[PDB]
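Structure, as structure tokens:
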Amino acid sequence: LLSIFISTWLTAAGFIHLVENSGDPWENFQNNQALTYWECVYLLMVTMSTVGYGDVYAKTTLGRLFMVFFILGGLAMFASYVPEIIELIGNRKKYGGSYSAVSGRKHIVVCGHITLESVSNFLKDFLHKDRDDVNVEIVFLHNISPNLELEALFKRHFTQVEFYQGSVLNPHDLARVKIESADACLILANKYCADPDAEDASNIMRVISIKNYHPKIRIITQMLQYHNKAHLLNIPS
Amino acid sequence: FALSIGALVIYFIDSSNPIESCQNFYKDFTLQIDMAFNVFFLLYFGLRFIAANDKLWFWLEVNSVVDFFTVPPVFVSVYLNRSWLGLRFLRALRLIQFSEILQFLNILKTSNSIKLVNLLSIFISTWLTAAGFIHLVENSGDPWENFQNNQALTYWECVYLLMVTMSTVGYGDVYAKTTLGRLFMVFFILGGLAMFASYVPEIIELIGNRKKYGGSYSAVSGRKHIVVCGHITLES
Amino acid sequence: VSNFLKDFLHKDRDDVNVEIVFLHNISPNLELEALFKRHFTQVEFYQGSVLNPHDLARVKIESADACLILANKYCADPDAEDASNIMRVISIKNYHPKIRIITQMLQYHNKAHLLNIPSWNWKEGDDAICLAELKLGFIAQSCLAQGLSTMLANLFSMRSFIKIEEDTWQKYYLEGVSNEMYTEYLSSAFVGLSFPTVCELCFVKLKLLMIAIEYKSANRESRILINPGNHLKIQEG
Amino acid sequence: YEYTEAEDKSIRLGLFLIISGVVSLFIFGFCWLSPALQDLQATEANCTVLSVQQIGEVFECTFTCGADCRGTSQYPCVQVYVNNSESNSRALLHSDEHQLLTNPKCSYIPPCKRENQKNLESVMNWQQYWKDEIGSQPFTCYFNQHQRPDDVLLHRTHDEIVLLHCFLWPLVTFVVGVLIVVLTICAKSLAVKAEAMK
Amino acid sequence: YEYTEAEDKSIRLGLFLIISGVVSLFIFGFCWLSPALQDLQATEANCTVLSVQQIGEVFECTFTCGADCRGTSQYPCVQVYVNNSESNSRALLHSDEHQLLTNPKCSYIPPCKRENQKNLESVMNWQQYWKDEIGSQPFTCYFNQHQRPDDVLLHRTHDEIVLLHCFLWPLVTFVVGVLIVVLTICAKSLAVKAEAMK
Amino acid sequence: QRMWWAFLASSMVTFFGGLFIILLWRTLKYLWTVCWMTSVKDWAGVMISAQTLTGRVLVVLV
Ligand SMILES: CC(C)CCC[C@@H](C)[C@H]1CC[C@H]2[C@@H]3CC=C4C[C@@H](O)CC[C@]4(C)[C@H]3CC[C@]12C
Ligand SMILES: CC(C)CCC[C@@H](C)[C@H]1CC[C@H]2[C@@H]3CC=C4C[C@@H](O)CC[C@]4(C)[C@H]3CC[C@]12C
Ligand SMILES: *[C@@H]1O[C@H](CO)[C@@H](O)[C@H](O)[C@H]1NC(C)=O
Ligand SMILES: *[C@@H]1O[C@H](CO)[C@@H](O)[C@H](O)[C@H]1NC(C)=O
Ligand SMILES: *[C@@H]1O[C@H](CO)[C@@H](O)[C@H](O)[C@H]1NC(C)=O
Ligand SMILES: *[C@@H]1O[C@H](CO)[C@@H](O)[C@H](O)[C@H]1NC(C)=O
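Residue numbers (the UniProt record's numbering), protein chains in the order written: chain A, 303 to 539; chain B, 185 to 420; chain C, 421 to 657; chain D, 8 to 205; chain E, 8 to 205; chain F, 84 to 118, 158 to 184.
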């Protein structure tokens with residue numbers, strides 16, 4: 303894109319330089335405008351950006367004609383060539399990156415099912431004013447992107463709550479949430495699900511992944527069934 | 185339509201002249217071909233005036249309104265043997281039928297092409313019509329100034345003025361120096377931003393959809409390529 | 421839509437001033453938009469149902485020469501679709517009764533409901549095409565004579581004649597593809613003549629292959645008699 | 008019963024003239040009348056010629072050939088002081104405001120010609136008309152006691168008819184814009200009520 | 008049987024010249040011919056020198072050094088009035104319209120030099136050519152009875168060939184644009200029909 | 084004298100002269116039908171290809 307832009311710009315500047323050094327031939331080459339090539343380059347950069355100072359402009363009829371054609375051509379390949387290729391270089395995802403390990407701030411990674419309901423109660427008790435001074439920052443890792451109610455609730459706590467998109471079944475995501483340095487990880491299970499055992503096994507899978515990444519960690523988890531609790535005991539760490 | 189283009193070229197020739205001049209039979213073979221074109225125009229909106237299922241609806245379609253500010257001044261001009269460069273630029277508004285006549289010659293067979301030539305035709309016709317209007321204003325003066333602040337613009341200088349204006353470039357080398365001219369430039373900047381924000385930009389974006397997985401494979405010699413089909417996903 | 425458009429807009433159809441207007445609630449997909457943008461002065465789509473009187477007025481059904489109702493061949497319940505098409509017939513015949521309607525019926529048993537509707541008239545040209553009956557019958561009749569389905573399909577379908585010079589099977593095949601079926605009153609010189617004699621005179625002297633006939637005399641309506649004997653003479657009408 | 012599109016566009020055209028009949032009246036009220044009534048403020052006096060002299064200062068006029076020539080010759084200046092009747096003071100004559108606003112120091116800008124002698128003789132020919140008729144036959148002369156305390160005009164910039172066409176033709180456009188709307192409604196009401204006389 | 012992309016781009020190039028052969032003809036019809044035929048309107052007269060004088064008014068020329076110098080010297084003026092044959096009036100001479108449009112009051116703008124004496128001698132050397140040859144040998148001289156009623160040219164702004172190149176080279180571009188399209192179709196038709204001679 | 088014209092004349096005669104030669108050679112080859159060119163695309167033809175390194179260095183140098 304930058305090459306076709308610079309090449310088109312210098313080529314058209316050379317063209318209207320060649321026109322303006324000479325004159326209108328029916329005027330017997332008498333209305334010549336002694337422009338430098340780089341004055342002409344300045345003219346086209348002022349023109350294509352629709353700034354148009356008018357200090358430098360084409361004073362020949364053939365020059366005015368080419369400036370009309372090149373304004374139309376510039377608005378052609380700006381509305382048809384770049385603006386669907388500019389917008390291929392504009393997509394950004396707003397939940398990525400990693401966690402800034404601030405010294406003194408013990409951060410908690412919260413994973414598991416995350417929703418306005420489950421997250422709200424935990425945030426309210428953890429961030430309650432009576433909790434007084436606790437340097438713990440809750441970092442939430444969930445594959446699903448937060449809904450607008452979640453975005454409002456996360457934008458009620460700035461230096462206190464960060465969301466990140468990703469699983470805890472991928473080691474890189476655990477590194478991104480800095481699980482190894484994290485004081486503890488809390489796994490929240492959706493209370494309502496089609497099968498209780500399936501969710502319980504998913505939370506046990508998340509426990510196994512985190513304890514396989516970094517074994518010396520506290521994990522507080524939720525279990526929907528009492529019988530599924532034994533699997534955690536079976537895990538060695 | 186072709187004789188309408190010819191009448192527009194006659195207007196472009198006559199725009200290199202003063203306000204009026206007295207003739208009898210020839211000065212540049214000026215009115216001699218213009219009378220023939222306008223008699224044919226009179227005959228053309230004659231036989232379709234009787235083709236009106238609604239005599240009022242035909243009267244207010246702007247396809248004889250273009251054919252209607254032109255022909256009676258031509259008849260007055262041949263009755264008085266003098267010319268006038270009045271509302272003859274309105275003949276350029278009949279360029280809106282360019283896609284319709286170009287469809288007849290089997291040149292365009294694509295709805296994108298028909299819509300594109302309709303957009304370019306309404307753009308060029310509006311631009312030349314408004315250029316003729318503010319040309320007519322600036323050749324004369326402000327009448328309360330007793331026609332003394334006339335700006336001797338060529339028609340094509342004025343065309344350059346409107347192309348510099350509508351693209352919001354605005355060099356200021358050429359500009360309207362009359363009060364009525366400034367008023368029409370205000371109205372036409374508002375009208376140009378009206379039909380750029382309301383007429384084209386949902387029709388421009390009908391000619392902007394592209395799919396990013398199509399085409400074919402470039403058979404590079406020496407590169408044996410494998411086609412992989414079946415279920416395709418990040419995992420597999 | 422594609423098969424119907426291809427047969428209706430086939431080049432061999434020559435000059436027919438019929439414009440196909442399609443009314444469907446669902447907006448056309450990109451393939452439909454391409455197919456509708458392959459025919460400009462010939463095909464128009466409109467969004468709307470035929471169960472709303474205003475939409476029928478918008479498609480100008482009253483002035484329309486005929487309305488063709490197409491049923492999705494593949495559906496979860498055949499009867500439900502058949503009842504929807506019968507509902508569409510009832511709506512159109514309630515708007516404007518003097519109209520021809522050609523419809524598709526997925527089941528043979530559902531065809532009786534159209535007869536129950538009062539406005540529908542078979543003699544008036546209203547016709548219901550039963551996909552299940554016709555397809556199974558073409559397969560059945562072909563169980564008797566292997567290849568009858570191709571012969572019957574090549575009769576009514578407008579198919580492009582292609583000149584083949586080389587001695588292949590396609591050269592002898594295309595000799596009979598361009599034949600079609602035609603309905604025609606017999607001449608007045610065939611009154612009281614036997615059907616084999618009339619077929620002999622049609623095939624010998626003017627090379628026409630007559631198959632069937634009308635036959636009505638004060639009884640039930642004029643049946644289509646495929647190849648009568650010398651027992652039945654040809655009536656004037 | 009419905010307004011047909013021939014009827015509806017006539018209503019849309021009829022309202023377009025009622026609006027533009029107001030706007031063209033609204034524009035010309037301060038774009039045409041505001042320069043007009045200031046010119047009509049100066050009253051007719053009946054003043055006498057005080058003195059007609061020259062200065063010797065040249066002033067550069069601009070003649071032309073016709074095909075866009077910018078030839079600039081020069082003309083001498085003549086100050087015609089007159090004695091007013093009403094404001095009874097020593098003040099110049101001016102052919103119009105256009106002669107006044109360009110060169111207030113002169114009384115008469117001649118039409119500029121190529122040769123200086125051609126422009127010279129047009130001065131003294133005009134001067135001879137004012138060196139023979141001095142004091143006798145006091146003429147009508149326009150003076151304003153508000154804007155120009157020492158400048159007297161010989162004419163007006165406009166006519167009596169300048170009040171007419173700024174009020175007439177937008178109101179002509181206004182009435183015709185009403186007559187389109189009224190005759191559309193009345194003919195429709197004769198086409199919707201007299202149809203049901205069955 | 009299909010147009011290949013080498014064939015197709017030749018068609019796209021061939022149509023691009025057929026269109027631009029019209030447009031370049033269409034541009035020059037009022038951008039080149041409209042100044043041309045006004046210059047060809049003035050006819051050849053055969054006029055005699057009436058009088059050659061000077062004025063004393065200086066006019067400021069502009070010389071240069073070559074490396075963008077804006078030196079402005081001055082030159083005296085010479086009015087050469089001639090007696091026309093056809094319009095038989097007293098009118099100036101002019102070397103061309105470029106001498107006419109810049110200074111109509113003079114007949115001969117000399118090429119401006121640095122010293123005023125250099126520009127002075129170029130006047131009188133030109134003046135000596137017109138103070139010895141007066142009345143005798145009446146010369147061809149261009150005059151227009153429409154635009155300039157009192158200005159006679161010595162030359163034209165253009166040649167006879169100015170009618171040629173405005174009609175020639177767009178039509179040269181037009182025919183070559185046709186010959187690309189015709190020879191593309193004909194060679195393809197020889198490449199699609201003669202292939203099947205098996 | 085001002086011989087600026089011969090440059091553009093040379094370039095355009097090189098264009099449409101050389102364009103007509105390609106068309107007429109593709110005319111006469113398909114008109115005569117009505118009534158060591160092998161390795162020459164391999165000496166330099168492979169070299170022109172970007173895949174060749176010498177070819178890539180040639181593209182970078184030009
Ligand atoms: C754009 C294309 C078609 C233009 C190229 C065509 C060339 C071959 C033609 C166009 C106009 C011609 C020029 C016309 C003016 C002068 C006349 C004289 O002083 C010598 C030759 C010269 C200089 C001609 C040389 C050839 C010429 C330049
Ligand atoms: C690469 C090929 C096509 C080159 C051919 C280009 C031709 C058109 C060019 C190149 C050399 C040129 C010549 C250069 C010098 C001669 C002698 C000079 O006193 C006048 C012009 C004249 C007579 C030129 C005529 C045009 C010309 C012959
Ligand atoms: C002449 O003089 C008087 C006083 O100045 C003035 O009012 C009037 O215009 C003139 N008299 C007549 C009778 O017109
Ligand atoms: C004439 O002379 C002076 C100078 O203007 C003035 O004051 C006086 O009033 C005038 N007298 C008459 C009678 O006009
Ligand atoms: C000289 O004079 C006559 C009359 O003006 C003119 O027509 C002609 O150009 C000249 N004569 C000749 C023989 O050229
Ligand atoms: C010469 O003298 C005068 C002045 O132009 C002119 O009227 C007359 O016609 C001329 N006579 C001749 C013979 O040219």
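C-beta: ideal position from N, C-alpha, C; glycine also.
Item, Value
"Beta-carbon spacing of C:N574, C:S539 below 9 Å", "no"
"Start-to-end residues for the beta strand (DSSP E) that takes in B:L277", "Element bounds for B:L277: n/a, residue is neither H nor E."
"Boundaries (first-last residue) of the beta strand (DSSP E) holding E:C54", "50–61"
"Boundaries of the beta strand (DSSP E) in which A:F442 is found, first to last residue", "438–444"
"Residues with C-beta closer than 7 Å to any heavy atom of ligand 2, in chain order", "F:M86, F:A89, F:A92, F:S93, F:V96, F:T97, F:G100"
"Cutoff 8 Å; reference E:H162; Cβ partners in own chain excluding five residues on either side", "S102, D103, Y149"
"Identity of the residue in D:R97, D:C113, D:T180 nearest D:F33 by Cα", "D:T180"
"Buried or exposed (CB count within 10 angstroms, at least 16 for buried), A:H444", "buried"
"With 16 other Cβ atoms within 10 Å as the buried cut-off, status of C:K493", "exposed"
"Presumed contact (8 Å Cβ cut-off) between A:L526 and A:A491, rounded CB distance", "6 Å"
"Whole runs of the beta strand (DSSP E) within the stretch 92–175 of chain E, excluding any shorter than 3 residues", "97–101, 146–150, 158–160"
"Burial state of B:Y210 (16 or more Cβ within 10 Å)", "exposed"
"CB contact check: residue 2 of chain D to chain E, cutoff 9 Å", "The structure shown does not extend to residue 2 of chain D, since chain D is modelled only from 8 through 205, so no value can be given for it."
"B:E204 CB to nearest heavy atom of ligand 3 below 8 Å", "no"
"Contacts around A:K361, its chain only, beta-carbon distance under 8 Å, and the 5 residues preceding and following it disregarded", "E322, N333, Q335"
"Reference D:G184, options D:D157, D:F70, D:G21, closest by Cα", "D:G21"
"Neighbour list for F:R109 in chain E, Cβ cutoff strictly below 8 Å", "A194, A198"
"Contact residues within the stretch 370–382 of chain A, judged by C-beta distance below 8 Å to chain B", "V370, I373, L374, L377, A381, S382"
"As assigned by DSSP and simplified to three states, the class of A:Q467", "strand"
"D:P111 vs D:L127 beta-carbon contact at 9 Å", "no"
"Proximity test, E:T79 beta-carbon vs ligand 1 heavy atom, cut-off 8 Å", "no"
"Terminal residues of the alpha helix (DSSP H) in which B:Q287 lies", "282–288"
"Range of the contiguous beta strand (DSSP E) that encloses E:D15", "First-last for E:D15: 12–35, but that is the alpha helix (DSSP H), not the beta strand (DSSP E)."
"Residues near B:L192 by beta carbon distance below 7 Å, same chain, minus five either side", "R275, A276"
"Environment of A:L364 [buried if 16+ CB atoms lie within 10 Å]", "buried"
"Contact set between the stretch 335–352 of chain A and chain B, restricted to residues whose Cβ is under 7 Å from the partner", "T349, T352"
"Inter-stretch contact (C-beta, 8 Å, three-pair minimum) for the stretch 41–55 of chain E and the stretch 71–88 of chain E", "no"
"Buried versus exposed, by CB contacts within 10 Å (16 or more), A:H319", "buried"
"Simplified DSSP state of A:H516, which is helix, strand or coil", "coil"
"Chain-ordered neighbours of B:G392 on chain A, where CB pairs are closer than 7 Å", "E386"
"Residue-level contact to chain A via CB, E:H105, 9 Å cutoff", "yes"
"Interfacial residues, the stretch 448–469 of chain C to chain B, with Cβ spacing under 7 Å", "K457, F460"
"Closer than 9 Å to chain B by CB, E:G36", "yes"
"At least three beta-carbon pairs within less than 8 Å, the stretch 468–478 of chain C to the stretch 500–519 of chain C", "yes"
"Cβ neighbour criterion (16 or more within 10 Å) applied to C:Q524", "buried"
"Residues, ordered as in the chain, of the stretch 87–118 of chain F that lie near chain E by beta-carbon distance below 8 Å", "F99, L102, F103, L106, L107, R109, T110, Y113, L114, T116, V117"
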